[PDB]
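Colleague: Let me begin by handing over the structure; questions about it come next.
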RNA sequence: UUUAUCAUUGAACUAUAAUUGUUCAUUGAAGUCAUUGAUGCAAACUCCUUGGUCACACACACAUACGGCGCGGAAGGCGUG
RNA sequence: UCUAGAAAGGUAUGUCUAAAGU
Ligand SMILES: [Zn+2]
Ligand SMILES: [Zn+2]
Ligand SMILES: [Zn+2]
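Residue numbers (full-length UniProt numbering), protein chains in the order written: chain B, 1 to 272; chain H, 4 to 19, 38 to 140, 172 to 244; chain A, 3 to 197; chain E, 4 to 64, 71 to 132; chain P, 2 to 94; chain Z, 161 to 242, 291 to 314; chain C, 2 to 47, 53 to 77.
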């Protein structure tokens with residue numbers, strides 16, 4: 001006998017399924033039923049019994065229709081369908097995961113973008129997905145991982161290196177949990193500049209000429225003037241560092257230090 | 004060979038009564054011992070009787086449904102028995118070499134001096181000197197620490213993990229000689 | 003025959019069973035890792051600057067930049083610039099090596115945690131991590147470390163750790179700040195906090 | 004550009020070849036290796052093609074402009090069964106005199122390397 | 002026999018992400034486990050683009066060597082030692 | 161200045177009392193003496209610090225106790241004292305009146 | 002010359018795309034120096055229709071060898 | 001400008017088809033994402049990389065059309081030792 | 001019938017033995 005019929009005539013399956021079908025909103029019964037069905041196919045691959053894959057899909061889909069705020073199981077169900085051969089279904093699994101969260105979950109956007117980097121293979125479409133994730137879950141206090149992932153894709157694909165300076169200047173004003181890394185990128189990247197024409201990567205040339213009294217087209221000895229330039233831009237970055245440091249340290253000391261639990265858990269849990 | 008159709012020609016030509042000295046009957050039963058040890062360092066040379074695949078699959082057909090020729094079994098058992106008894110002599114030689122290391126002269130006089138140094173609180177002094185002599189015997193072991201692989205006869209050790217042992221036990225020598233020991237156990241149970 | 007270009011050692015008749023056993027040799031792996039670290043270090047460290055094509059400056063440019071003013075240029079001694087370059091190289095390496103990893107520390111008790119963040123039970127890269135664990139045919143390699151392994155199984159459920167606060171939790175670490183601008187912080191907090 | 008008349012493919016290393024292939028595609032990349040089977044190793048190649056739609060514009064009857078799909082491929086190796094022709098496009102980054110200086114310097118460094126390796130293994 | 006710089010370079014990229022397009026039009030891209038002497042490759046954890054675009058996923062694949070059109074190795078193998086023109090091999094055995 | 165000297169290679173049966181005795185009342189009156197014992201075993205790790213008030217007192221102790229025989233050994237009296293981007297913040301405390309008390313609910 | 006390294010794919014199920022268009026699945030049993038392969042219980046994946059009790063594919067027309075089983 | 005799966009049936013239904021066409025539903029195969037996409041057409045703006053930014057001069061030449069009569073450098077052609 | 005002397009290495013691997021203080 002095969003895996004499916006052997007699984008059905010097992011005694012535990014009727015007990016686990018009757019406990020789930022009696023007590024739906026208790027989570028541990030669902031997870032016991034789910035771990036048993038997955039362990040009952042010990043190699044999972046493309047050739048395992050289709051009457052049993054249909055049942056693993058019905059179990060995951062029905063659990064996630066019961067408990068729609070479970071972040072880790074959307075990732076896991078999508079990665080299971082990604083193992084089973086079709087990325088077309090795993091796109092839909094992540095997207096209903098984002099929609100049940102009304103697009104504002106950080107973990108599903110982070111795992112969906114580290115998924116989508118591999119399989120979308122069209123550059124402007126992948127960047128439209130990063131702009132979507134930015135406008136929903138960008139200002140999250142722990143979204144350092146999203147922005148660092150986004151800067152990784154920008155520095156590996158693009159040849160222009162203007163879009164990196166643009167995106168990094170938007171990181172510099174957001175109060176993130178770990179903004180000092182995104183300041184150290186800006187500091188070493190100012191310090192890694194070489195000549196006066198590249199100061200227009202940051203801001204416009206007239207903004208420099210008015211606000212910082214600095215001419216890009218100053219032709220002459222360009223050693224001391226470039227060092228003066230780097231010191232004045234480092235001073236402006238120090239002031240914007242003070243403002244973001246104040247807002248981050250205020251949010252952390254007062255509010256974000258005290259929350260210990262950020263996850264859905266189960267409908268039977270109590271919050272302190 | 005160099006072009007792949009040449010090697011393919013070689014294989015099909017060696018694919019295309039059944040008695041006499043021309044055909045190695047030991048290969049015909051299976052696992053000729055001059056075939057299992059061709060390339061290794063226990064190489065016997067070349068198998069004298071030729072090996073051929075048409076004869077072998079005719080034997081597969083014959084022992085599938087037709088009959089069994091027990092002269093082939095007694096010839097294979099003779100060759101198998103002489104090789105297995107020869108390597109039993111060689112593993113006896115290997116453990117003799119361990120003994121001859123163990124009964125070396127200067128080491129025996131050193132352990133004799135330490136064992137004369139082994140001679172209540174008298175028992176505590178004797179046990180401290182005997183643990184020093186146990187560590188002297190273990191220092192002689194730390195020079196070697198050799199056990200003998202009981203099948204192949206080659207050396208082994210226990211300080212070594214299971215994985216480098218698993219590296220040994222999937223050898224050409226050890227798998228070939230395990231196959232020889234297993235056909236010898238089968239034929240000595242079946243003939244008795 | 004064969005010749006390991008990285009290793010600088012010849013070999014006898016090139017059989018795939020000899021060659022493949024050389025290519026996962028530990029000493030060959032050290033030599034290859036050194037070679038590629040040094041070549042990436044050389045192409046980072048090589049400042050090739052553009053060649054200078056100096057044109058003859060005009061008159062009105064010469065009057066304007068002769069009538070601006072002259073700026074002082076700062077320069078440092080030899081030991082100063084050597085110490086500064088050692089500091090700059092280690093700071094660029096720790097920015098390249100680090101990574102924000104707070105979404106892993108922050109979901110540490112969640113229900114489906116072992117199926118996503120464990121990295122050995124992941125369905126996409128699940129078989130690869132177990133497959134590439136390596137033989138460890140060295141007894142003393144496992145006999146070196148005497149800590150626990152803490153293999154979190156995939157079969158874990160929601161029932162264990164029912165109350166996350168009572169099992170002793172850790173507060174999240176304060177946000178790291180730049181050490182060179184560490185004096186610009188507000189010197190007093192607002193609320194009296196103890197321990 | 005003008006290439007020397009007696010210049011086989013062994014001599015055009017570090018030029019920027021333009022390898023045609025069996026499908027209309029073209030791999031504009033810098034050559035750095037080749038083989039008996041003529042399967043090159045192009046350094047920074049850009050696989051172009053003329054689409055099925057704009058191919059009517061090449062059909063025989071201002072100028073004609075064709076919009077090709079540049080698709081960047083980094084350090085390809087080709088399979089030599091596919092190649093159809095190679096055309097040189099651009100000269101190298103270095104001169105000939107500079108390549109002479111650099112080749113003498115590399116051979117000098119290799120001979121010093123083998124000298125130190127020999128005298129270290131004798132010690 | 003002798004293999005030369007391209008097939009030897011392909012043997013230098015065992016373990017890393019390669020991207021290869023077959024002659025039928027497909028494009029497979031994964032970690033290259035074992036290549037061979039005749040450019041006969043395997044690929045683990047691949048992302049398989051069918052010719053009309055439908056991307057699927059499959060655990061391992063063994064293409065025939067004869068069907069490959071190109072193989073895109075990583076960038077750093079530009080600095081591989083086999084591209085060095087003036088080499089000084091020490092001594093035969 | 162709390163000048164600290166790092167004595168080392170000390171004998172096992174040498175106490176912090178004897179380490180005080182060999183450091184205090186000769187060349188100085190040292191403010192502290194502290195040998196590092198084992199945190200669960202109690203047996204001295206063979207090295208320990210002593211804290212003198214004045215830096216001239218410590219260096220006078222340093223030149224004279226270097227190599228000096230203390231309970232069977234030479235006790236190696238080198239001075240104990242005298291580049292990451294990211295550090296955790298640290299802040300003062302607002303001295304706890306009724307406004308700056310986070311539990312004040314009246 | 003050189004045998005293909007299919008010692009892992011022995012005695013498992015395998016999906017190979019014959020000649021571009023067609024696609025056959027079966028239980029691999031043997032192979033040779035050219036990549037001609039012999040696979041037990043071949044079913045042409047199209053409503054699919056089965057070939058026969060044993061086949062032997064000439065290895066001129068194999069393009070890829072996907073392994074359906076765990077390997 | 002142009003596209004966005006078919007079936008079995010029900011209710012009606014033009015109708016050679018595997019009720020195709022038409023609205024609504026069930027069930028069933030597999031099902032890259034994209035429709036702010038794709039294909040065609042045209043312009044504007046911005047930003048990169050590359051070089052003798054050399055020397056002499058601010059000048060009245062030419063039917064055999066034009067002193068190719070400064071120092072170099074890059075690439076090719078041709079001849080000699 | 002025309003005089004048979006098989007290698008000697010290479011790489012991979014673990015273990016022993018050992019060399020270091022302030
Ligand atoms: Zn035989
Ligand atoms: Zn053995
Ligand atoms: Zn090597």
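Backbone N, C-alpha and C define an ideal beta-carbon position, used for all residues, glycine too.
(1) With residue 35 of chain E and residue 17 of chain E assumed to form a contact (beta carbons below 8 Å), what rounded beta-carbon distance in angstroms separates them?
(2) If I'm right that residue 121 of chain A touches residue 83 of chain B with Cβ under 8 Å, what's the distance once you round it to whole angstroms?
(3) With H, G and I counted as helix, E and B as strand and the rest as coil, what does DSSP make of residue 148 of chain H?
(4) Looking at ligand 2, does it come within less than 7 Å of residue 221 of chain H, judged from the CB to the closest heavy atom?
(5) With DSSP run on the structure shown, which of helix, strand or coil describes residue 113 of chain H?
(6) Are there 16 or more other CB atoms within 10 angstroms of the CB of residue 212 of chain Z, so buried, or fewer, so exposed?
(7) Once you ignore the five residues that flank residue 104 of chain H on each side, which residues in its own chain have a CB closer than 7 Å to its CB?
(8) Which residue spans inside the stretch 22 to 48 of chain A form an unbroken alpha helix (DSSP H) run of at least 4?
(9) Within 7 Å: the Cβ of residue 72 of chain H and any heavy atom of ligand 1?
(10) Have a look at the DSSP bridge pairing and note the partners of residue 201 of chain H.
(11) Classify residue 225 of chain Z: buried if its beta carbon has 16 or more other beta carbons within 10 angstroms, exposed otherwise.
(12) From which residue to which residue does the beta strand (DSSP E) around residue 84 of chain E run?
(13) Of all the options P/87, P/93, P/29, P/62, which has the alpha carbon lying nearest to the alpha carbon of residue 70 of chain P?
(14) What does DSSP give as the partner residue(s) for residue 72 of chain C in the beta ladder?
(15) Taking 8 Å as the cut-off, decide whether the C-beta atoms of residue 33 of chain B and residue 20 of chain B are in contact.
(16) Apply the 10 Å Cβ neighbour rule to residue 204 of chain H and answer buried if 16 or more other Cβ atoms are within range, or exposed otherwise.
(17) In angstroms, rounded to a whole number, what distance separates the CA positions of residue 103 of chain A and residue 148 of chain B?
(18) Under 7 Å: does the beta carbon of residue 47 of chain H sit that close to some heavy atom of ligand 1?
(19) May I ask you to list, following chain order, the residues of the stretch 22 to 38 of chain C that have a beta carbon less than 9 Å from some beta carbon of chain H?
(20) In this structure, how does DSSP classify residue 201 of chain Z when only helix, strand and coil are distinguished?
(21) Sorted by chain position, which residues of the same chain lie with C-beta nearer than 8 Å to residue 85 of chain B's C-beta, five sequence neighbours on each side aside?
(22) Spatial neighbours of residue 163 of chain A within its chain, please: C-beta separation below 7 Å, excluding the five flanking residues on both sides.
(23) Along chain B, which residues have their Cβ under 7 Å away from the Cβ of residue 9 of chain C?
(24) Please list, in chain order, all residues with a C-beta atom less than 5 Å from at least one heavy atom of ligand 3.
(25) How is the alpha helix (DSSP H) around residue 190 of chain H delimited, first residue to last?
(26) Where do the N-terminal and C-terminal ends of the alpha helix (DSSP H) with residue 65 of chain E fall, by residue?
(27) Comparing alpha-carbon positions, which option in B/131, B/56, B/160, B/140 lies nearest residue 77 of chain B?
(28) Relative to the alpha-carbon of residue 40 of chain C, which residue among C/67, C/25, C/6, C/2 has its alpha-carbon at the smallest distance?
(29) Rounded to whole angstroms, how far is the Cβ of residue 299 of chain Z from the Cβ of residue 187 of chain A, which I believe are closer than 8 Å?
(30) Roughly how many angstroms lie between the CA atoms of residue 44 of chain H and residue 71 of chain H, to the nearest whole one?
(31) Are there three or more Cβ pairs, one per stretch, closer than 8 Å when the stretch 37 to 54 of chain E is compared with the stretch 12 to 26 of chain E?
(32) What does the Cβ neighbour count give for residue 203 of chain Z, buried or exposed, with the cut at 16 atoms within 10 Å?
(33) By the criterion of Cβ-Cβ separation under 8 Å, what are the contact partners of residue 11 of chain H in chain C?
(34) So what's residue 26 of chain C in DSSP terms, helix, strand or just coil?
(35) Along the chain, where does the beta strand (DSSP E) that runs through residue 30 of chain P open and close?
(36) Where in the stretch 16 to 90 of chain P do unbroken runs of the beta strand (DSSP E), each at least 3 residues long, occur, reported from the N-terminal end onward?
Modeller: The relevant details are as follows:
(1) As a working note, residue 35 of chain E is residue 32 in the fourth chain. As a working note, residue 17 of chain E is residue 14 in the fourth chain. Right, the Cβ-Cβ distance comes to about 6 Å (below 8 Å), so this counts as a contact.
(2) Looking up residue 121 of chain A in the third chain gives position 119. Looking up residue 83 of chain B in the first chain gives position 83. Between residue 83 of chain B and residue 121 of chain A the Cβ distance is about 15 Å, and since that is not below 8 Å, they are no contact.
(3) Because chain H is numbered from 140 directly to 172, the model contains no atoms for residue 148 of chain H.
(4) Walking along the second chain from the start, residue 221 of chain H turns up at place 169. For ligand 2, at least one heavy atom lies less than 7 Å from the Cβ of residue 221 of chain H.
(5) As a position in the second chain, residue 113 of chain H is number 92, starting the count at 1. Residue 113 of chain H: helix per DSSP, three-state reduction.
(6) For the purposes of this step, residue 212 of chain Z is identified with residue 52 of the sixth chain, where counting begins at 1. Buried, by the Cβ-count rule.
(7) The residue labelled residue 104 of chain H in the question sits at position 83 within the second chain. Cβ neighbours of residue 104 of chain H beyond the five flanking positions: 54, 232.
(8) Taking 4 residues as the shortest admissible run, the stretch 22 to 48 of chain A contains the following complete alpha helix (DSSP H) segments, listed from N- to C-terminal end: 28 to 47.
(9) Within the second chain, numbered from 1, the residue matching residue 72 of chain H stands at position 51. At least one heavy atom of ligand 1 is found less than 7 Å from the C-beta of residue 72 of chain H.
(10) Walking along the second chain from the start, residue 201 of chain H turns up at place 149. According to DSSP, residue 201 of chain H shares a beta bridge with no other residue.
(11) In the sixth chain, residue 225 of chain Z corresponds to position 65, counting from 1. So residue 225 of chain Z counts as buried.
(12) Working through the fourth chain from its first residue, we reach residue 84 of chain E at position 75. Counting along the chain, residue 84 of chain E falls outside any beta strand (DSSP E), and DSSP gives it neither H nor E.
(13) The residue given as residue 70 of chain P occupies position 69 in the fifth chain. When each option's Cα is compared against that of residue 70 of chain P, the closest is P/29.
(14) In the seventh chain, residue 72 of chain C corresponds to position 66, counting from 1. Under DSSP, residue 72 of chain C forms a beta bridge with C/16.
(15) Counted from its first residue, the first chain places residue 33 of chain B at position 33. Counted from its first residue, the first chain places residue 20 of chain B at position 20. Contact flag set, yes.
(16) Indexing the second chain from 1 puts residue 204 of chain H at position 152. Under the 10 Å beta carbon count, residue 204 of chain H is surrounded by 16 or more other beta carbons and is classified as buried.
(17) As a position in the third chain, residue 103 of chain A is number 101, starting the count at 1. As a position in the first chain, residue 148 of chain B is number 148, starting the count at 1. Separation of residue 103 of chain A and residue 148 of chain B (C-alpha to C-alpha, rounded to the nearest whole angstrom) is 11 Å.
(18) As a first step, residue 47 of chain H must be located in the second chain, where it is residue number 26. For residue 47 of chain H, the distance from the CB to the nearest heavy atom of ligand 1 is below 7 Å.
(19) Cβ contacts with chain H come from 33, 34, 35.
(20) Translated into the one-based positions of the sixth chain, residue 201 of chain Z becomes position 41. Shown here, residue 201 of chain Z sits in coil according to DSSP, grouped into three states, outside any helix or strand.
(21) Residue 85 of chain B sits at position 85 when you count from the first residue of the first chain. Sequence-distant Cβ neighbours of residue 85 of chain B in its own chain, meaning closer than 8 Å and more than five residues away, are 46.
(22) One-based indexing of the third chain puts residue 163 of chain A at position 161. So the list reads 111, 169, once near-sequence residues are dropped.
(23) Against the seventh chain, residue 9 of chain C aligns to sequence position 8. In chain order: nothing, as chain B lies at least about 14 Å away.
(24) Residue list for ligand 3: A/6, A/9, A/30 (CB closer than 5 Å to any heavy atom, chain order).
(25) For this step, residue 190 of chain H is matched to residue 138 along the second chain. First-last of the alpha helix (DSSP H) with residue 190 of chain H: 173 to 196.
(26) Missing here is residue 65 of chain E; chain E as given proceeds from 64 to 71 without the residues in between.
(27) Counted from its first residue, the first chain places residue 77 of chain B at position 77. It is B/56 whose Cα lies nearest to the Cα of residue 77 of chain B.
(28) Indexing the seventh chain from 1 puts residue 40 of chain C at position 39. Taking only the C-alpha atoms, the option nearest residue 40 of chain C is C/25.
(29) If you number the sixth chain from 1, residue 299 of chain Z lands on position 91. If you number the third chain from 1, residue 187 of chain A lands on position 185. About 7 Å separates the two Cβ atoms, so the contact holds.
(30) Taking the second chain and counting its residues from 1, the one referred to as residue 44 of chain H is at position 23. Taking the second chain and counting its residues from 1, the one referred to as residue 71 of chain H is at position 50. Their Cα atoms are separated by approximately 6 Å.
(31) Below 8 Å, enough C-beta pairs join the stretch 37 to 54 of chain E and the stretch 12 to 26 of chain E to call them touching: three or more.
(32) Start at 1 with the first residue of the sixth chain, and residue 203 of chain Z comes out as number 43. The residue in question, residue 203 of chain Z, is exposed, as its Cβ has fewer than 16 Cβ neighbours within 10 Å.
(33) Position 8 of the second chain, counted from the start, is the residue given in the question as residue 11 of chain H. Within 8 Å Cβ-Cβ: 33, 34, 35.
(34) One-based indexing of the seventh chain puts residue 26 of chain C at position 25. Strand, per DSSP.
(35) By one-based count along the fifth chain, residue 30 of chain P stands at place 29. Here the beta strand (DSSP E) through residue 30 of chain P covers 28 to 32.
(36) Fully contained in the stretch 16 to 90 of chain P are the following beta strand (DSSP E) runs of length 3 or more, in chain order: 18 to 23, 28 to 32, 43 to 50, 56 to 63, 69 to 73.
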